[PDB]
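*Asks:* Sequence first, structure after, both from an experimental entry:
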Amino acid sequence: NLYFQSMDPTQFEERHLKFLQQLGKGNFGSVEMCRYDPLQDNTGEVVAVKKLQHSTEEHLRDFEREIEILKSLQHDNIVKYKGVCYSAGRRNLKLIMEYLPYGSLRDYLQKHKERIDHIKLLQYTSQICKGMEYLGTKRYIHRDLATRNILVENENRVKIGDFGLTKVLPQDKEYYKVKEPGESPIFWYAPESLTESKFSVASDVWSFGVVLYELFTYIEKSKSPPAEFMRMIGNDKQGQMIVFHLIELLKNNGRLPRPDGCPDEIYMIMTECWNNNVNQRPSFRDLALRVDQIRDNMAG
Ligand SMILES: Cc1cc(Nc2cc(CN3CCOCC3)c3nc(C)c(Cc4ccc(Cl)cc4F)n3n2)n[nH]1
């Protein structure tokens with residue numbers, strides 16, 4: 001009480017943050033592109049500014065935790081935290097991050113197929129695995145790994161973002177049981193997350209297998225995980241029946257298909273990530289090494 005937690009409220013002052021455009025609303029919050037121009041000389045730096053969509057007390061608390069998580073991370077494949085803006089006369093919070101111009105990897109793969117080949121896909125796979133290795137060192141579980149939640153800086157560099165669902169593992173357990181569930185990205189969830197609300201490094205590995213599928217399906221649209229799973233379940237189904245069917249499918253070895261053109265060896269990596277036995281899933285370190293060995297073993 002006596003002394004409140006450290007904050008640097010003069011680092012990004014709201015009067016010097018100029019709104020340019022909204023970049024989106026989604027699972028990532030409401031994010032705007034702004035320019036931070038403290039010298040008011042139409043110089044400065046374009047930044048990404050994350051805001052809450054519903055500023056309830058609970059969401060503000062969760063936002064503080066997300067900010068602390070992001071502040072703690074420094075890695076080439078993690079979107080760079082810049083600071084916080086205590087806007088509305090220091091009665092609101094906005095999160096300041098670096099701006100990456102190409103947006104989500106999901107959108108980049110659709111918009112920029114002219115510059116994507118399997119070599120690039122494996123480079124992105126490697127980078128995502130290394131960022132996830134780094135999260136593991138902090139006992140952080142991302143819980144929303146998907147190409148929509150990875151940003152593209154340029155054709156040679158991707159970075160995880162969207163730490164809005166990230167949790168920190170209890171000191172003495174290897175999983176976090178989420179006991180307030182909200183909207184769930186069910187088609188990326190491991191079976192134990194669907195059936196027991198249990199999240200772990202190994203459930204992030206399951207989701208990474210879905211990301212790897214997404215990368216290798218990029219040539220098509222009918223092939224996204226939601227579309228393919230709904231085709232398998234039955235496109236007519238609605239509501240909880242969808243989840244019931246997805247659980248039953250996954251528990252009895254139902255899986256997304258090998259994308260057209262995908263090497264057998266890459267599909268094998270996906271399949272090994274999609275193991276119902278949590279402990280048999282590979283680690284992010286196993287995956288990074290295997291993917292980089294595959295890359296290195298090509299001719300040249
Ligand atoms: C934190 C951050 C975001 C960022 N850049 C972009 C760029 C783009 C691409 N726009 C650019 C302007 O013209 C049209 C194409 C974009 N589209 C959306 C929906 C988002 C929002 C977003 C998506 C995924 C994730 Cl993980 C986090 C997000 F905040 N963004 N965010 N840099 N840093």
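*Replies:* Arrived safely. Numbers count the residues shown, from 1 in each chain.
*Asks:* what separates stretch 206-213 from the chain centre, distance-wise?
*Replies:* Here the centre of stretch 206-213 is set off from its chain's centre by 11 Å, with C-alpha atoms, centre = their mean, to the nearest Å.
*Asks:* likewise stretch 218-226?
*Replies:* Centre to centre, stretch against its chain (C-alpha atoms, centre = their mean), the figure for stretch 218-226 is 18 Å.
*Asks:* Now do that stretch: everything it contacts.
*Replies:* The contact list for stretch 218-226 (C-beta atoms under 8 Å, 6 or more residues apart in numbering) reads 109-110, 113, 116, 121, 187-188, 210, 213-214, 217, 227-228, 231, 256, 259-261. Heads up, the C-betas are built off the backbone N, CA and C, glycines and all.
*Asks:* Can you select the buried ones among the residues you listed for me in ChimeraX?
*Replies:* In ChimeraX, this line selects whichever of these come out buried by 16 or more other C-beta atoms under 10 Å:
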select :109,116,121,187,188,210,213,214,217,228,256,259
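*Asks:* Who are the contact partners of the closest residue to the ligand within the stretch 51-200 of the chain?
*Replies:* Closest contact between the stretch 51-200 of the chain and the ligand, by C-beta to the nearest ligand atom, is at residue 103 (2.6 Å). Counting by C-beta under 8 Å, 6+ apart, residue 103 touches 23, 151-152.
*Asks:* Could you measure from it over to residue 26?
*Replies:* 11 Å (C-beta to C-beta, to the nearest Å).
*Asks:* and the nearest residue to residue 95 once chain neighbours are set aside, how many residues sit next to it?
*Replies:* In this structure, residue 95 finds its nearest non-sequential neighbour in residue 50, 4.1 Å apart by C-beta to C-beta, 6 or more residues apart in numbering. Neighbours of residue 50 under the rule other C-beta atoms under 10 Å: 24.
*Asks:* For the longest helix along the chain, list the C-alpha coordinates in PDB.
*Replies:* The longest helix of the chain (DSSP state H) is helix 118-137. Extracted in PDB, the C-alpha atoms of helix 118-137 (Å, rounded to 0.1, in the frame of the first residue of the first chain):
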ATOM      1  CA  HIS A 118       8.500 -24.500 -48.400                       C
ATOM      2  CA  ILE A 119      11.900 -23.100 -47.400                       C
ATOM      3  CA  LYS A 120      10.100 -20.000 -46.100                       C
ATOM      4  CA  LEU A 121       7.500 -22.100 -44.300                       C
ATOM      5  CA  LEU A 122      10.200 -24.100 -42.500                       C
ATOM      6  CA  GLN A 123      12.000 -20.900 -41.600                       C
ATOM      7  CA  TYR A 124       8.700 -19.600 -40.000                       C
ATOM      8  CA  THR A 125       8.200 -23.000 -38.300                       C
ATOM      9  CA  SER A 126      11.700 -22.800 -36.800                       C
ATOM     10  CA  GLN A 127      11.200 -19.200 -35.500                       C
ATOM     11  CA  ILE A 128       7.800 -20.000 -33.900                       C
ATOM     12  CA  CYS A 129       9.400 -23.000 -32.200                       C
ATOM     13  CA  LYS A 130      12.200 -20.900 -30.800                       C
ATOM     14  CA  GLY A 131       9.900 -18.200 -29.500                       C
ATOM     15  CA  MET A 132       7.900 -21.000 -27.800                       C
ATOM     16  CA  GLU A 133      11.100 -22.500 -26.300                       C
ATOM     17  CA  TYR A 134      11.700 -19.100 -24.800                       C
ATOM     18  CA  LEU A 135       8.200 -19.000 -23.300                       C
ATOM     19  CA  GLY A 136       8.800 -22.400 -21.800                       C
ATOM     20  CA  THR A 137      11.800 -21.100 -19.900                       C
END
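*Asks:* Show me what the helix or strand that comes right after it is packed up against.
*Replies:* Next along the chain after helix 118-137, taking DSSP states H and E as the criterion, comes strand 140-141. Using 3 or more C-beta pairs under 8 Å, 6 or more residues apart in numbering; DSSP states H and E as the contact test, the elements touching strand 140-141 are strand 167-168, helix 201-216.
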